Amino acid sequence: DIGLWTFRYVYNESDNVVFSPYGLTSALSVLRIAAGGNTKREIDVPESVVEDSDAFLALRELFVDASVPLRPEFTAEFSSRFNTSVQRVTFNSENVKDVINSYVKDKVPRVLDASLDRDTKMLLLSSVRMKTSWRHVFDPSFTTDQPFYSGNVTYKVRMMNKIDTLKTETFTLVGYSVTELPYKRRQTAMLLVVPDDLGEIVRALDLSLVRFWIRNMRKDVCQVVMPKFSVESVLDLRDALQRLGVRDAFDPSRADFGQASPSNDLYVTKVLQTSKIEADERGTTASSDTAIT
């Protein structure tokens, strides 16, 4: 829902964008254990997110500055629900980054200096990782340079090519197909959507449409010709989340995080996500870290 509806505000006509709706949703779900009143209500998110440890590794940590008083029932509630304890940290010192990166591995995304100010009093961090082969891999020796038509500009991409039997179907509103490429686990899979107008697909995407796709795709023998790709995206989601109704969390006057803190001085300034996806003949490697303030 909010996670999936956020993509329409980061989608780019002129660029390659990758995003993790799950990573956003998981972060907001933690943020919700700290909120109360209207602020919590606007964080409209499942209270429990799915987790499956073979299909993808997911991680959730909260770094609160050691000055900040936390209600003991919040850290108890936090620890009991996410099998992890709030990490008290000093957000002004110089090795705070070192402490936090040195903490995430074991159990390192240092592309988070974008998100640490010196007045930062909390860091809510959601990490998503997936590395999995295709069920039926492509053969690299048949991958060839082929053209890619973006409006009137044309590119030379490394295009993969295989024959495989997969679920597929055509659809309208504005003509496109959807094809399911299963990974070797077979609980995760890639839906590939090839349209005559991408921006129209973006403005329509939602979970109903996705389940519709899954019901109406039919097995068939296919030729799949698709590029290898590697994309990294650093996204600022504050504007999108506000447009999706999450407003109180950002407003210092109105932000109720009183379930976490008797301070009444904890609010969200930034929501940042850096994601990277890599697809090639052998499978897919995907990564996403969402940082709230």
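One rule holds for the numbers: they count along the sequence shown, beginning at 1.
According to the PDB entry, the deposited sequence contains 4 to 9 residues between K107 and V108 that lack coordinates.
In this entry, no coordinate-free residues of the deposited sequence separate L207 from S208.
Per the PDB record, of the two stretches 217-225 and 92-100, 92-100 carries the greater mean B-factor over its C-alpha atoms. Looking at mean Cα B-factors across 249-257 and 63-71, the upper value is held by 249-257. Of the candidates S177, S80, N161, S141, the one whose C-alpha carries the top B factor in the deposited record is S80. Looking at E42, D265, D236, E232, the one whose CA carries the top B-factor in the deposited record is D265. In the PDB entry, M190 places in the middle third of its chain by CA B-factor. Placement of the Cα temperature factor of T132 within the chain: highest third of the modelled residues, per the deposited record. Ranked against the other modelled residues of its chain, the C-alpha B-factor of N38 as given in the entry falls in the lowest third.
The entry lists a Cα temperature factor for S29 that places it in the lowest third of the chain's modelled residues.
In the PDB entry, a CA B factor belonging to the middle third of its chain's modelled residues is recorded for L166.
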